[PDB]
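A short worksheet on the structure shown next.
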Amino acid sequence: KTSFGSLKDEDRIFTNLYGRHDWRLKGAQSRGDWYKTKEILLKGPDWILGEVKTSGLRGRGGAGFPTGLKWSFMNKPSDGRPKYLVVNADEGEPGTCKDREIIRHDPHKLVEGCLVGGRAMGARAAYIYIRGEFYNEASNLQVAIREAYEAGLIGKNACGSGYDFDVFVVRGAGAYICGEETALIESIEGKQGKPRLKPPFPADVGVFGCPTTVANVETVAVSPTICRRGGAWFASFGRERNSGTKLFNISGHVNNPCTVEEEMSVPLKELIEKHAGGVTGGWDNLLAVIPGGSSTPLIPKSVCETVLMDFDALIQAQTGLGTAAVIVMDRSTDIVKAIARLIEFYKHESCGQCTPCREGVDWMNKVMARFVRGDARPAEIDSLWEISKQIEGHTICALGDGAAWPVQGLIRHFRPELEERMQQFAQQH
Amino acid sequence: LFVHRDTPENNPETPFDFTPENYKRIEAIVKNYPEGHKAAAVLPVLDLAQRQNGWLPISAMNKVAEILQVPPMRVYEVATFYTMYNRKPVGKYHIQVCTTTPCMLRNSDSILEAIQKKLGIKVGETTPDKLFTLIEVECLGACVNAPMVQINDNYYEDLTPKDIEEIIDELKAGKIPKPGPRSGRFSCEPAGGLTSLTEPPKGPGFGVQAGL
Amino acid sequence: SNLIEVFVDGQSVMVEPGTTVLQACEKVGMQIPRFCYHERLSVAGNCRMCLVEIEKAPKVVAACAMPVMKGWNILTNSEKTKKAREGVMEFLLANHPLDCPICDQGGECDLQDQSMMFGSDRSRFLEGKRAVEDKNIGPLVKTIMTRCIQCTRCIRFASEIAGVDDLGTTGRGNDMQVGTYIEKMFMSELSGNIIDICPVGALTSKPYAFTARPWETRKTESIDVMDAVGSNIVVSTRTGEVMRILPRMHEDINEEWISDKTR
Amino acid sequence: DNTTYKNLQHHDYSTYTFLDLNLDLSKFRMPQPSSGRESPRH
Amino acid sequence: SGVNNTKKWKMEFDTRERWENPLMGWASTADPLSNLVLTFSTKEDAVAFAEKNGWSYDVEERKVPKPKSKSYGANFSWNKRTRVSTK
Ligand SMILES: Cc1cc2nc3c(=O)[nH]c(=O)nc-3n(C[C@H](O)[C@H](O)[C@H](O)COP(=O)(O)O)c2cc1C
Ligand code: SF4
Ligand code: SF4
Ligand code: SF4
Ligand code: FES
Ligand code: FES
Ligand SMILES: [K+]
């Protein structure tokens, strides 16, 4: 194939995305959930890991590592410690709200995903870490989990397959950094959500110091359908090495902001127009797009004309797919202010553990505040660029990179606006 | 402030205990984790104290440290690290307006301005009647329904200045307004009609691979 | 037999498995710069002053925490390593107070000295600085916490060496603060040691305050008689007067600590 | 049907809805593993 | 934490009386060797220099910090006391 998009309803995975069908077990089963789960479990961990590998699935939490290889780090003999699956439902990236829909409208897909993914890893239980603000969603998930326990689908002799598997829901207490996989683990252990250095890796020393895999809600919830319909069915969608379907959040200056499921590698322009109703005020009113959550650099309208929505295409555009949260800014936007607010966000979310982000992001925030008003000199633009490069790659976790990239995107594509703002300020004062 | 100073209203001798029914909940909370790792229950138990009491006096933090046999400092760290814990009393309704860029782009400033004008307070303040507290928060994970607010445990979404004033009017009367979007749509589906998932979903076994 | 070969700037060295990059470097007489790392405390890896380039690896690693892999070539003086140190030193000094003349650490400050050796020679920080309120933790340790660089050495020492979990971090981000949260004295028979391990003048000796500068004291290596352990000490004197007592490392006795009575 | 919202149960959730469900699930759980000691400080 | 002042051997002499000058209170001395400190590459060189100059001496063997076994992953032990309660 060379064109991707126009995914048909029969090929969509999250068929209750909009919550217009019963989200409880009866509704879930009528839609295909929990079907031949026992046969999947008995096929074995090696078979399950092969199916996820052939599917070409990559992490949906923002980083996009190959899921099959990542989950294979667990496929190792016991050494006395329990093994755990940790499901990342922190869902904290600004612009991103996809995992919210899965948890509250398709909870049984997530619950089955834990069991199947748990089996492939040899894990005895799954801890689903969900952000504290999602109280109603977590309560929905607990109800679905109880239905699974009562029906014998999870717990002792899960699905009548002889495999014991528990599913626990743990709520966060308000911290974006707890979406980071090691910070998430530290939070479950009752500590401050501060990421660990690696090594060790979670597959060796994880939650409670035991082998762990942290997987995104969307990554886990699509696994049972991949095993049922085959890896090759999943790989038939999207470009090579960009396989599958994807949940997209289109927000910002669009006519109909929404969440939708679409094929990977769909053109960005097609995604905004077909599903979101187009850019507010017409396509030509577009200014810039943040293609995959606040941590990915913005791209200008010129780049947005032809760019595809997948990992490799967006990396080539000097950005990233991230969480596939598309934030649209039209030409009425104060682009400098919009980015400055994201830096203010990262400043509020930095855990403060390590020097370059604890001090650097706050420093970038102060400089961006002045850049919004023009209260700076042009020579400070290159200084701000250099500061961002001293944070990126020098911190414990990727939040430091996530704060540096938005600044770099602004300077790369909108330097004249920054300089014009400074000229206006100097003339006035 | 992230330091504590004893006052008559907030000191170690302030009375806090879990109700007998909350001790049963704590027992089930603690059992979710391996034996020897009871410290894992600090966040859910600390959150439970906030639900019984509304906020966390230093005495509530000390009680949680006692129950789980962790040093009090390790509970103080958790209480001050996570933003959902209230270390000062809040109003009966905690209004949390999202002002991160996606909500900013869709005019969360108008929502924030409307609340202040109606309640006659500023960001961070509590009404004199102690019914409402107003603060700004970061992305609440409901970006496609911007602008939006969280009030206690509920999201109110797709808001306009008029809509948020009617929610506050209901809260003042003591009634509970239903959560969710206020623009017509039910959740995250595009307004003006579904662009997908219009067909009925396929049933069990559809497209299942052979041999399974 | 179990030893593996690694390279430090091309020099071969044989190390036990588990050796960190920082420990491999010291076997050829290279001391990586550090702030949060102390060899008698648990590894923290948060200050990032020890970042070092590994030949053929795009990302610098934290030498204090990264176990060295066989065949690695550690480039302790490459351009990438030098620019990493300059960047981290710049962030450390961005909010640090202009206190050296009034700060007792001056003259024996690891922040001053590693700024001179591994940092740039000027500032491009054009904003205003953080200021932090002081905490009272007893009559022995004075706190000027605006000087704190959040290395967490004191927290780890208190929990691990002294077995007292009264120190921690409160808040988040740039406003994260080291202290006790509540008003509380850190009175332990080993409490005075947090003065030595604190790399900056955030924690200083209250009795010693303002009386001397390090370059002017004469060091007499001697023995403590306040108990029967025979702790090895240094007696700082100036112009015929005893000014303070410091630990002297003896691995088989007091490793590098002394009791508050000895101090 | 595909024209009505079927996720209205959460309009009746209250302060303790989540922890009551956790307490309710307590009987179903498998026995937890043990590290061998009461805590890392033992 | 710097170790650069621990590389070389030193030779100092026994401390002798210092008294307060009556006029100013300054520290007076009558010891001509009070400030004399010599540097040597090895203990043998220092011993040789003392021998030929006729000074009786004491030699203290160099103290080396012994190699530690450091491990970041031990901060998160499953069943050992090395698990840290805070970061
Ligand atoms: C600051 C920060 C926040 C993150 N937040 C989330 C999140 O909310 N949800 C998520 O799945 N991953 C998040 N991640 C990515 C995770 O650390 C991790 O890569 C992911 O959970 C792995 O799952 P996956 O392989 O299925 O993608 C975050 C990372 C960082 C650095
Ligand atoms: S980069 Fe920021 S969030 Fe990540 S560990 Fe360092 S201080 Fe914490
Ligand atoms: S701690 Fe060091 S750098 Fe900071 S004021 Fe004191 S002497 Fe100067
Ligand atoms: S007070 Fe000193 S030892 Fe403690 S964290 Fe701050 S700089 Fe480190
Ligand atoms: S930006 Fe407000 S909910 Fe995401
Ligand atoms: S000494 Fe290695 S990060 Fe601090
Ligand atoms: K000090």
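To match Swiss-Prot, the residue numbers of chain B are left as they are there, and the shown ones run 38-249.
Header lists the method as electron microscopy, 2.3 Å.
Every residue, even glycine, has its Cβ placed from backbone N, Cα and C.
Here is what Swiss-Prot records for this protein:
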type: BINDING; residues: B:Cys135, B:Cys140, B:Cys176, B:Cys180; note: [2Fe-2S] cluster binding site
type: MOD_RES; residues: B:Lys61; note: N6-acetyllysine
type: MOD_RES; residues: B:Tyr193; note: phosphotyrosine
type: REGION; residues: B:213-249; note: region 'Disordered'
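Burial estimate for the recorded positions (B:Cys140, B:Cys176, B:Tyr193): highest at B:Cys140, by number of other CB atoms within 10 Å. DSSP classifies B:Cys180 ([2Fe-2S] cluster binding site) as helix under the three-state reduction. Helix, strand and coil content of the region 'Disordered' (B:213-249), in residues and according to DSSP, is 0 helix, 2 strand, 35 coil. Taking the C-alpha atom of B:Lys61 (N6-acetyllysine) as reference, the shortest distance to any of the binding-site residues B:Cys140, B:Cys176, B:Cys180 belongs to B:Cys176.
Proximity to ligand 5 at the level of Cβ atoms, with a cut-off under 6 angstroms, picks out B:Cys135, B:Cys176, B:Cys180 from the recorded positions B:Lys61, B:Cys135, B:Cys176, B:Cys180, B:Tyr193. The residue listed as 'phosphotyrosine' is 13 Å away from B:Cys140 ([2Fe-2S] cluster binding site) when you measure Cα to Cα.
Each of the binding-site residues B:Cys135, B:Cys180 was ranked by the number of other C-beta atoms within 10 Å, and first place falls to B:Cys180.
When the Cα atoms are compared, B:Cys176 ([2Fe-2S] cluster binding site) and the residue listed as 'phosphotyrosine' turn out to be 14 Å apart.
Counting in whole angstrom, B:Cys180 ([2Fe-2S] cluster binding site) lies 12 from B:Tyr193 (phosphotyrosine) by their C-alpha atoms.
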